[PDB]
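# Generate coordinates for the sequence data below:
(chains A, B, C, D, E, F and G, ligands or ions: 6)
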Amino acid sequence: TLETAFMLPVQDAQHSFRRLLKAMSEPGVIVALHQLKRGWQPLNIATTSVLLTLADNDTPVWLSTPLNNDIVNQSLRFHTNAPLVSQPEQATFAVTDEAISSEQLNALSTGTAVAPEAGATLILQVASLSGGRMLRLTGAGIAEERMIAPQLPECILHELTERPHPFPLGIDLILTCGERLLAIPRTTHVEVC
Amino acid sequence: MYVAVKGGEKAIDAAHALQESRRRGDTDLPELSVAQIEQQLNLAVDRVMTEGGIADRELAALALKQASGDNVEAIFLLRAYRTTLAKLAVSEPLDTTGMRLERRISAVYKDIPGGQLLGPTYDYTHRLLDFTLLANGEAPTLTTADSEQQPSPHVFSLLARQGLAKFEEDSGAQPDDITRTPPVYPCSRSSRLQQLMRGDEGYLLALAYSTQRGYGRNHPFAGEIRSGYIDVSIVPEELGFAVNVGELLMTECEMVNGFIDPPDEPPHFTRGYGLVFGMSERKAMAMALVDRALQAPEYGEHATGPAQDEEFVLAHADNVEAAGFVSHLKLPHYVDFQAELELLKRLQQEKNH
Amino acid sequence: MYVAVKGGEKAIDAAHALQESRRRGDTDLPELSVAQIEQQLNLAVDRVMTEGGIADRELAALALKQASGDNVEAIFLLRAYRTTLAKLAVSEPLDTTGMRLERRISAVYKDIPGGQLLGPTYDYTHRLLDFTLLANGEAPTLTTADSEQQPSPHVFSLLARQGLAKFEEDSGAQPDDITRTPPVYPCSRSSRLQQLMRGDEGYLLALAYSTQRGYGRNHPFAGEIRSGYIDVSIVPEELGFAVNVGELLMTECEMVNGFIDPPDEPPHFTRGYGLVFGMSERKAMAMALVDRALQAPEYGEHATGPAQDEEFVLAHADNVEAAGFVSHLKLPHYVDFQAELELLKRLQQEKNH
Amino acid sequence: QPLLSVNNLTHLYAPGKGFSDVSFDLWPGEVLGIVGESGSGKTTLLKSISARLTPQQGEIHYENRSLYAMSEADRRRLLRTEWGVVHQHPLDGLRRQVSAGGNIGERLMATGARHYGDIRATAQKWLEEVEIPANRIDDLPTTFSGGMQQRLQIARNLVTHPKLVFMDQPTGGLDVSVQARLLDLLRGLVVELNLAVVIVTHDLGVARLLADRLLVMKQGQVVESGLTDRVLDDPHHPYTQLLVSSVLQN
Amino acid sequence: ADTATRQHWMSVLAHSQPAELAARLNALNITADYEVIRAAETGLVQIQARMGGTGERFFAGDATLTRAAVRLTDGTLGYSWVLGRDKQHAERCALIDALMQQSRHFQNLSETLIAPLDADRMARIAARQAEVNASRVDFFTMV
Amino acid sequence: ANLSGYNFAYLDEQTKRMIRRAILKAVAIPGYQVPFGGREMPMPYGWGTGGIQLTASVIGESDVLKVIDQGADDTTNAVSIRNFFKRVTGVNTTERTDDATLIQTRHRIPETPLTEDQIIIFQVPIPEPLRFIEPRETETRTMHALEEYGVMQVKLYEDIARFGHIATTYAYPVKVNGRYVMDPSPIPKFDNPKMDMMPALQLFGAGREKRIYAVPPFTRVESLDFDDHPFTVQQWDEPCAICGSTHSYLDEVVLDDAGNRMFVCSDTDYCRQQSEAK
Amino acid sequence: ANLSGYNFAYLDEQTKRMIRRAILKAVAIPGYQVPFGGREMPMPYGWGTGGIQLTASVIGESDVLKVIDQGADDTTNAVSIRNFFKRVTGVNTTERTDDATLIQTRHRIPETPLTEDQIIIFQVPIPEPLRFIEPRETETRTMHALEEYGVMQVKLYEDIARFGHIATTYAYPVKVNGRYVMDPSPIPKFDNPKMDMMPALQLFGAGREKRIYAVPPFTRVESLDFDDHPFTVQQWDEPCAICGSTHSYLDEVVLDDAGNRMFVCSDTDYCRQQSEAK
Ligand SMILES: Nc1ncnc2c1ncn2[C@@H]1O[C@H](COP(=O)(O)OP(=O)(O)NP(=O)(O)O)[C@@H](O)[C@H]1O
Ligand SMILES: [Mg+2]
Ligand SMILES: [Zn+2]
Ligand SMILES: [Zn+2]
Ligand SMILES: [Zn+2]
Ligand SMILES: [Zn+2]
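Numbering: from 1, shown residues only, chains lettered A, B, ... in the order given. Ligands and ions are numbered 1, 2, ... in the order given. Have a look at this structure:
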């Protein structure tokens, strides 16, 4: 009854991590995680691949109610052994959909100034990575500027364009659609165009 | 004209071959066996097991043989091998009250329940080089007494039942594990003890000696030193009930330390704890003394010696890191030294004119 | 009613017999020979010779065998035996330029006159436990090159001829001997070096590591490490001319340290020196680093770490004294502890009412 | 609107040690002197309002921003760029191992200065301002005298042209001549640059010539406050009358 | 009683010397086909000790631990967790645990295998206690 | 192919996963030292354990690995690390920077400019640029947290006042993304400019100190200096004696006791390219 | 007779001569710690090396040697030292204080008063009474030189203010000849009065610390105290359970885990005398 993880966990995890590193180090670049044929629905291929690559017993995982399913939870526990937490503030990795609320977004741990790596990484499943409001990205990982038009919630666009949190505090966003992934670290400066 | 040639790999192989040949020594003499090192060099094995982090006498003896007797190299070998092994279980908390006693002494009372059990020790021996060991000899035939192990309650339990000391009480706090998370200062006492057990014997000995000489005095008394076999038990998920997996030879040291006068309770002795693999005791005693020294924040003590400096003591206690970083100076550094030479030559030229 | 009985002597004899039996181990395994320890555990022998103060490999191996591999106990055995030996002569000053080189490296230049001679070393080895050593094996057949030892001038001589460093110059001052006169702080550099050579390897390693981590930084570079055989010569009163008495395997380490800018001469690198018996190098490197740290008074440096504290470093460096004083807590202390108990009970009673 | 506002501020080490129920408003271009008995809590209050001591009660608002509700980074930025702090003991506000030039230039570089020559020139100018010879710029403060160290601290905390300066007995250790020089310098800064100063002093003459408003503190409570000359010449609370009667007339 | 008896015989097997256990098992000549569910695996058991022996827990290093699992034809599962790195000893211990879980072998092995091993261990302990007790320091005798 | 009996890259998947999370965090916080539970490697601490762990966590089967120490591939420790990685991963290796996908270096950045998808991994003994100023981590953590870098500016000012120049010649502190002060590893000042807006990702591993920090591609990296004392790189009056280049970092080779000496490129691959061009 | 193959008393004549000169100097400067070139003994440092060396330098063939540790002759270390001295000198030994010519003790002075021509040698771990106040010898040397003992008085005053009593219960500092502050070795306060105007010579040896100091016979030794806080010795509500004495220092023997305990004389010879009297 449980879902299936990577056919080759070592090689597949390494490939997925390299793709995610390419995405995060170069914000706005879309990468494809083709190693996993099928995702743990409602989780897409990219989200499942990221969870398998990074999540473990040391990383609490919070799943939004739309994405919280018994089969998904059991598969995550069996394959990664990552504890599941019902509150976003207890999560190292947060998985949500377009229905994420501002309260949930603001409840995510942003770390602290002395330990800015203690915050949560938000995995957001977007309807598409391409058909939304044009966004100009500048900052580390971007030579001049990157034009990406992800379809995003308004709380997420607010987070990106305003940056309420003072660096080094922040949330790193991972926009997943199907087998394709985009990364926006807390450093990236985002302007609506 | 000069042309670059490959010399690194063959030189490295030749150096390793030379080291191996020196380790083997004269082929006329029979090669040392790991069992011989384990049995007849048991104290070096104990130190290697304690500092390397694996309580396997055979592995420690193998590391000592591979290290040509170098304790630092053997300890690093054992630690690196620890990295390659998976963690199968976490043992249930050890119960030192159930130790089978090879040795048990107390310096705070002339006699105690269970008696003063000297056991195997070099204490009180006249350190005169025994040249008869240059040739094979016959081990002494041991005399015997009754075989019952008399009850041996911990001396600190006796002190606490009198109100002179405080029981060490378990609040259920999850111990910190510096083998998975890097230490964060100030570290908890669990982390401090874990690091001290892995710390260099000589460095902690020197720090404890300094404390004994006023550099952060704690007025120590060897309340009790117990060496013997403790059973190790686990609770595998397959069965769900405790299973005993064997016994480990360990040494435990409890130090009574200068009494305090807390605002809202009777004055009482403080305490320090040390725990090591094997029969070696001085490491455990130094561990207890340095633990008491580092307990200063919990008592609001004005530090008067480096042994009370938590970051200084712990950041340099692990001989693995210290030895590696000191030996890394042997690595090529001509790029950095060339930078310094360029700066220095410019400074000399500037000062000359 | 109780009556006092004699138990000390027989208990001591039984404990010593138990320790001897444990040292021998299982009689099925052949007893270890001192030659085997000398040849195949050469690095432990080197440390024992260096810290115990006698450059006799056989005596150090015998102490290690008698100590059951305990380096501290073997070192103390060798030092105590040193006490029983008469001083027949004082060697002429050693000439390290005449060393026959088993190993010679420099981290400050990519290549130097004489080349980078790695020699026998564990450096660059992958520290993986070699389980094939659990059984007897065949030592590698060593490859060979030309037998000429190319000229190997000291790197510091090259630096000094360029003006980048200062020659160490002999003023004829009589060296201080802490083996006959107790040290008086501040000690001269000769006394400091003599004590450091006898100091605990681990303690000095930790201090040098702390200096490398900013606790009294000196910006060290391994200017040159030379291991090999140096001839020892004396001038007996019977003959009146120098006679060569043999050769000693020694390791010398010269550390280039952060340059200064003296008021009345060009800025130049400072230096630290280490010298040990045998092939072990980390002790010599730590000795040089701590010597540079303790040279602070001669340079007016603001101390920023314990390694620059002369009295603290030297008063606790000798593992003989430190280990003895830490282990002395195992001695009966019930008289002193009874005094403390009387005071503590009176304090508790006074606070209660 | 006040540059600094203090409301019901309280910090007590123990009953009677510290300050309790302290409130006052400070505007740009004025001086609020604090005078009182040795042991009235003046230094504790100065530390609390300067972001160096978290209060047990009350609030402090700087430019309408609660001082201690802000992040520690923001408070350190305030103390690093636009806040000056002059301690009673100069060495407490000086780097012992850093030359006088370095002590003055640390603040300048913290404000963005990155030209060594300009920083050196500004440090020499400020040393001459407090009448310290410009040839002592490279000498460590340990070689300076008490008055020299105090003046160096004042220059260090005034080089950045700050907007708010908390001083604890800045005139201590100063001969009357350099004291008058410092008073003129502070008056000029306050009037021309709109600087605000909270000064704790026991020399009531300096408070008369400098402070625009006064607080009189005793046993950790503000006993009298108001216009400086009104308080000095028309005291109301018994302590103030004792205090001004104890002045040594010259 | 099954849990306590299983714990007792597993402890006896774990504390048994590999050589004597192998010799006794060969002498018994027990015919039983089993499949190794988990090949003997040597890893580490993390050691937890207590401050002062009774206080807060802390990690006092690690120790080598070998674990093995076998299955008998009837589905009985035998397990073994033994300190050290002797894989064959762990496999034997798991096999003996599986056999002891069987009614036809429980009594026979208790009377012929477990009890002799425990008696030998108790004798070795008794003897070393006699040798160690000679070092006890006598101070007073109650007359 | 990996046939050494160990897991691919010698690290268990848990350690790889933890190091990967640390790397992602470091990329998200450029210049910040991310603590990580580093393990003891077959090499001693201080001999490149952090870089080895980073390479093991990032290296794949198809990667081409270049290992250089002091800019040379034939350096003893570089040879040891390359042999270890070949044994435990079986990956392809090259001495050519432009053909390499992963570059593990000690104290040098290759003269050849790096390209996209390339990762250069630095071996870092001291990841804290303020360590030699403040030896205690308890203080440097807060100083980085609160951007209290004034002590570094004071140190530079005092160095200029005392010697007339900044005394730091290698591991020269840099400012990353205008915010974090970072130690670039003991590369010479010569290589610091290469870090600015570099198309290749930069990863830094201090295994002994248990720190990982990264510089993403195209990130501002500015060496701390003054307008009137601008950042200046090492210079030599002699070109390379082998290839004749004048734009490469030079190592000094002493030929004989008399005093004869030469200067040759530290980057051996660049020297080979330059000699084969002419 | 000495038949162990070593020199009489195990020490070479040069070391004996140096120790003898040190002893004479110490006698001439009561309470002053005389440095001496102590040698490593067969016993570890801190186990009585200084006392052993003093006895070796002073002991003769006709001497009767009594060795006590904690006041007991049968104590393990006392037995070891006595056996060593018998092996290397062959001298007569006794457990009776009044029959002994040389008494080497650790942490006790015998209850039996000493007589003329008797020498009691103390094993001293810390010869500096100010060490626990000032750990550095560089400062304590000057403090003794200039009679700057104010820190000790401050320590006693603070102890009285904090606990209501002086916290030092053993090794209680004393004033010798009205001038030097001396550490009496870790004897309890109980034994300090015995040191005042003692007919027997007192010698103190700290081998590890390399110090020898002496109190000549009939020399004033006054324990530091205050008029309203006079020097008070340890007391017990129970007499000795063996001999019934009430004027002897008592050691506490724990009989069982329940809580039963007894008190018996630390001085075993005095207890034997007292039991044989009644
Ligand atoms: N760290 C402290 N711990 C306990 N009590 C303190 C502390 N500091 C001050 N007290 C008391 O707090 C009260 C006020 O302290 P403080 O503010 O420094 O006085 P002050 O008015 O500035 N005296 P002065 O400097 O002479 O003008 C005094 O009774 C102090 O003794
Ligand atoms: Mg004040
Ligand atoms: Zn280095
Ligand atoms: Zn003692
Ligand atoms: Zn070239
Ligand atoms: Zn009695």
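# Residue of chain A nearest chain E, please.
Distances between chain A and chain E by C-beta to the nearest C-beta are smallest at residue A:57, namely 14.6 Å. Every C-beta, even on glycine, is put in place using the N, C-alpha and C of the backbone.
# Without its sequence neighbours, what residue ends up closest to that residue?
Nearest in space to residue A:57, with sequence neighbours left out and distances taken as C-beta to C-beta, 6 or more residues apart in numbering or on different chains, is residue A:81 at 4.7 Å.
# and the residue of chain A closest to chain E, how many neighbours?
Close neighbours of residue A:57, defined as other C-beta atoms under 10 Å in any protein chain shown, add up to 11.
# OK, contacts around it?
Residue A:57 is in contact with A:80-83, counting by C-beta atoms under 8 Å, 6 or more residues apart in numbering or on different chains.
# which stretch of helix or strand covers the closest residue to residue D:98 other than its chain neighbours?
Of all residues beyond its chain neighbours, the one nearest residue D:98 is residue F:154 (5.6 Å), with distances taken as C-beta to C-beta, 6+ apart. Here residue F:154 is covered by helix F:150-163, with elements defined by DSSP states H and E.
# Secondary structure and neighbour count for the contacts of residue A:57 - can I get that in TSV?
Compiled in TSV, the contacts of residue A:57 are given as follows (DSSP: H, G, I helix; E, B strand; the rest coil; neighbours: other C-beta atoms under 10 Å in any protein chain shown):
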residue	secondary structure	neighbour count
A:80	coil	19
A:81	coil	12
A:82	coil	21
A:83	coil	18
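# Distance to residue A:168 added to the residues you listed, as TSV?
Below are these laid out as TSV (distance: C-beta to C-beta, whole Å):
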residue	distance to residue A:168
A:80	27
A:81	29
A:82	25
A:83	26
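# Cross-check these against ligand 1 and keep the overlap.
The subset of the contacts of residue A:57 within reach of ligand 1, counting by C-beta under 6 Å from any ligand atom, is empty.
# Determine which two of these are furthest apart.
Checking these against each other with C-beta to C-beta, the farthest-apart pair comes out as A:80 and A:83, at 9.7 Å.
# how about residue 32, what does it touch?
Assuming you mean chain A. Contact criterion C-beta under 8 Å, 6+ apart gives A:19, A:179-181 as the residues in contact with residue A:32.
# ah, I was thinking of chain F
A:116-117, A:168, F:26, F:144, F:180, F:213.
# same deal with residue A:5?
With C-beta under 8 Å, 6+ apart as the criterion, the residues that contact residue A:5 are A:36, A:52, A:75, A:79.
# separation between it and chain B?
Residue A:5 sits 19 Å away from chain B, taking C-beta to the nearest C-beta, to the nearest Å as the criterion.
# That residue: helix or strand, and which one exactly?
Assigned by DSSP H and E, residue A:5 belongs to neither a helix nor a strand.
# Identify the residue nearest the residue nearest to the spatial centre of chain F in space, chain neighbours excluded?
Among the residues of chain F, the one closest to the centroid is residue F:122, at 3.2 Å (C-alpha atoms, centre = their mean). In space, not counting the residues next to it along the chain, residue F:122 is nearest to residue F:185; the distance is 4.1 Å by C-beta to C-beta, 6+ apart.
# same check, this time on residue D:37
residue D:218 (5.6 Å).
# for chain B, which strand is longest?
strand B:243-260 (DSSP state E).
# how about the strands of chain E, start to end?
So, for chain E - with DSSP E - the strands run E:34-50, E:57-72, E:77-83, E:136-137, E:140-142.
# Quick check: beta-bridge partners of the residue of chain E found nearest ligand 6?
For chain E, the nearest residue to ligand 6 under the criterion C-beta to the ion is residue E:140, separated by 11.8 Å. Here residue E:140 sits in beta bridges with residue C:4, going by DSSP bridges.
# ok, back up a step: the residue nearest to the centre of chain F belongs to a strand, doesn't it?
Yes: counting by DSSP: H, G, I helix; E, B strand; the rest coil, one finds residue F:122 located in a strand.
# Residue A:152: neighbouring residues, count only.
Under the neighbour criterion other C-beta under 10 Å, residue A:152 is assigned a count of 25.
# Surely it touches residue A:126?
Yes: the pair residue A:152 and residue A:126 qualifies as a contact (C-beta atoms under 8 Å) at a distance of 6.5 Å.
# Name the residues contacting each of these two.
In terms of C-beta under 8 Å, 6+ apart, residue A:152 and residue A:126 are both contacted by the residues A:98, A:132, A:175.
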